[PDB]
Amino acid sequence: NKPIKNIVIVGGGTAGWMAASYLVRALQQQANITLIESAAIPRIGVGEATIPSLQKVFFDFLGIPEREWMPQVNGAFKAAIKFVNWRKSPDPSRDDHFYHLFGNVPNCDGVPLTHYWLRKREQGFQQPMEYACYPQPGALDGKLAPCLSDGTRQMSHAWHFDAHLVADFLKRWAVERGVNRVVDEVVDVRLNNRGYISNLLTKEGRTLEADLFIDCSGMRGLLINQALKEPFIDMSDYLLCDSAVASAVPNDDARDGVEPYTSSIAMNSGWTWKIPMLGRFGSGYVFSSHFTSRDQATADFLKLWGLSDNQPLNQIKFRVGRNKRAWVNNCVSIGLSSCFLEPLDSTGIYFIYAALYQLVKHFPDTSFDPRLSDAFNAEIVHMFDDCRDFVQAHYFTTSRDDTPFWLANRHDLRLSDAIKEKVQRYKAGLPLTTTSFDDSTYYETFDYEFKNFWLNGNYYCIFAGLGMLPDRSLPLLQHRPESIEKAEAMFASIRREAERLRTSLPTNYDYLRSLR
């Protein structure tokens, strides 16, 4: 069979230029690649927080180190997501916060530290789980960098960046390596009688043909949904939010510092993101229109940050779910045309490069063997649905009952069999999936991370954070007193490292300025 020669990508958002870059790199330029993007249709404007596989799976693949891309996109550091006012009905006299951290919780004689922490917690021990089991949370409270001043990394971290700058950076990289950029707008899609895309008609009269079409057209799904008619599985029975009101907000970095993490601040009818970088943070109130109007959500958002009635806003609506199939006939959807999940977990951009990695693993010839797309499709379903379930677990575990929105989350959601089973095992005292690798190995073995994406420590962070603990510590530990004492030694080490980091890390602000 003839190989794939001609590739057309529709869409010039983050997905489009990620796809163009990744395929320029993977197909050894043995490919004619054309990207078409409409001047009249703006990018979504958001997507600024990431996870550590962005470097390993995406940028390393292109041969671009952090030090090269970061300065060009207003890059900053992310060590965690901090959840504020999620656990209980909010009380301004109380500090309700917890971290969801990158990296893995150590094991002690085959048992995670989370489990030794719980046994202590049964006996009255008061310190929060993540402050016991990880050395960096206090450093994040102190707004400290993830590295020493000389660049040496001291904790696992990912990135914050400007959405527009990242796409433009990738545009320049791909165009310079022979991607053909067309500024025009696809107006019609022509299918043959067998249902494969034959060509695209544009607004300015071009007819585009290709062997492979990549749909990066955003939520409209021009090729995958509109032309090929693939069902979208709406999942508003699983998750309630459907809208966001978004803006960039100036920050007094010299007075206030730069938080080395994303915040998730729970609201009356959804939650607000905060994404610090030098000079400014991106922020957005993710909300449900069934519980609050866009007008009210806009008022709540402005009030939170003390913004003015004159401040222009990025008003977004969205549908939660994914296509029944990501790849149909000669068309692979990537990005918002494929699926969507609110950014509680910062996995939107992860879905782009994870799908691109998987497309290359299942790469077709011009005969489009359906066994390759079937196998690809099944990897996407598992990837999405597991993340969907992990996001939903924040919502059904909360104890908030102060509004109709939080009540509905407590009582009215549809839960998968898979999530119920995981919750069941947790409540019994069982660790969920654990790794014996260190952070570096885990963040370097994508076929492992891909299938083992959510680990014991991820679930513990969220569940213990929201104040839902197992019925019982692990029965085995009543037979293992020496292991319990060895775990105390490990808790003492973590505490020493926490103290060292306190007096050794530069502030995130100063470090960022030093980079530039």
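In case it trips you up, residue 1 is the first one in the sequence shown, and so on.
Of the two stretches examined, 360 to 368 and 137 to 145, the record assigns the greater average C-alpha temperature factor to 360 to 368. For the two regions 321 to 329 and 253 to 261, the entry's Cα B-factors average higher over 253 to 261. Within the selection 334, 208, 101, 244, the deposited Cα B-factor values reach their highest point at 208.
Highest CA B-factor among the listed residues (429, 218, 312, 112): 312. Annotation for residue 512: CA B-factor lies in the highest third of the chain's modelled residues.
The deposited CA B-factor of residue 162 belongs to the middle third of values across its chain. In the PDB entry, residue 459 places in the lowest third of its chain by CA B-factor. Ranked by C-alpha B-factor against the other modelled residues of its chain, residue 307 falls in the highest third. Residue-level temperature factors show residue 377 in the lowest third of its chain, judged at the C-alpha atom.
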